[PDB]
Structures are given as structure tokens and as C-alpha cells.
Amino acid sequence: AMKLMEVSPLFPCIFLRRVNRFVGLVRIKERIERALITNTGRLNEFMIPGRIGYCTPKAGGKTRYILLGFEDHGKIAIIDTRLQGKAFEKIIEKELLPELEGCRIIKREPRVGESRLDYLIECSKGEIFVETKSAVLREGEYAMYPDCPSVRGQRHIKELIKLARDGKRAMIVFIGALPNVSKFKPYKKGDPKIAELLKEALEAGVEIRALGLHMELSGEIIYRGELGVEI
């Protein structure tokens, strides 16, 4: 339980509906407002008229707010994948992760094959390719991925398979940005092949980790440690 960073200001909202995959309508202080959604997943378990969400204002654009997360067991599940990215950057920088206790980000969205992976990190040892994925689909004590078929996600895992096999370091970090979870596993029904490809990748030396994060009402983003991975 380390404090990673704070989101300010942070406002409770009532979720009304999605206008489209990038925009939700929320009610804040009697007013109806448009909120950016940065998470391509379905989030059907979260995106239900009436549930309490949490937003933060921004300047400009076609939306005045960013929908960051939802009430979940008294705290906050973080659905915003840019915020998840920042919390992961902070983890690296502060060296709170055992696998990377002295490393730095040298490139973001570095090109591999005909795709782009998330990070190129530099260890004391050598070069490492880290891809992150949002795991906010719950089953009991498990945070899971995905909640729908991701053809983009298949090909990304393949690049990690094609890199590892061919003598390169390749990692995948599932961000379990839910409170009250201690394990990760893939949701087979969400995508049949990503389950398969995860074992295939796990066999080819591709490191697979999963982290536990939540947000408090204060806006405080908390890292809870690694989740037990069960690929």
C-alpha cells in the first residue's frame, strides 16, 4: 500500500449513458455534462445508468470532463487507461516493482512489426519491451482480461511472442485497477485466442506480471502490490 500520486480535483457523478465509445453523459451538481472515456472495452459491468462515477475537469476539446473510474467496494475502480499508464510510470520511476528495481522509460509507443507496443524500458542488464493491459473485469478475487474480443490485443501478444522466441526480452503487465483483488487470470469467454496466446507467450519466456491498484475518494491512487498471476 504505497501512495503513487493524486488526482485533483475529483468529482462524484451519476452515470447516465454512453453517447459513443469515447463519450459518456454524467450528472455533476444538477448539470448534465459530457465526459471523455479512454478505454475501448465494453465495461458493461460499470456503464449502467445510475452508478456513481468519478470525473475530473479539463480545458478545451469536445468534452469538459474525463470519466476516470467508478465506485467499487467503498473505493474506486480506475477505468481510464491513460491514468493507469501514469500510475504504471510512477511505479517504474519509484522502483516499487521487484522485476524492475532500477530501470527507465526510453520510448513510448515504440514500433514493432506493423504494430506499436506500449513501452521500451532500459534496465541495467539490457533492453526490455513492456506492454500493459487493463484488467478491470472482476470475478470474485480475480481481476481479468479481456471483456470482449480484441483483435488488436491478439497481434500485440504475437509481437511479444515473435520478440521473445527471437532472443528479445518481452513483458506484459496487467493493470488490476480494482480494489479487493489479489489474483489475475484471463477471461476465456472474452477472447478465446488471447487465453491460448497467453500460454504460448508465457512458454516462450515472455514475462507476465499483474499489479493491484485502486483510487480513494480523496483522489489518491494506491498501489497494493503484485497480483498472483494464473495464466
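We number the residues from 1 along the sequence you see.
Per the PDB record, of the two stretches 63 to 71 and 41 to 49, 41 to 49 carries the greater mean B-factor over its C-alpha atoms. Comparing 129 to 137 with 152 to 160, the stretch with the higher mean C-alpha B-factor in the PDB entry is 152 to 160.
The maximum CA B-factor among the listed residues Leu36, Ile32, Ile175, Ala201, taken from the PDB record, is found at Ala201. Take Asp80, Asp147, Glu89, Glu114 and read off each C-alpha B-factor from the entry; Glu114 has the highest. Split the chain's modelled residues into thirds by C-alpha temperature factor. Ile76 is in the lowest one. Compared with the other modelled residues of the chain, the Cα B-factor recorded for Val26 ranks in the lowest third. Per the deposited record, the Cα B-factor of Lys168 falls in the highest third when ranked against the other modelled residues of its chain. Sort the modelled residues of the chain by CA B factor and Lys193 lands in the highest third. Ranked by C-alpha B-factor against the other modelled residues of its chain, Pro57 falls in the lowest third.
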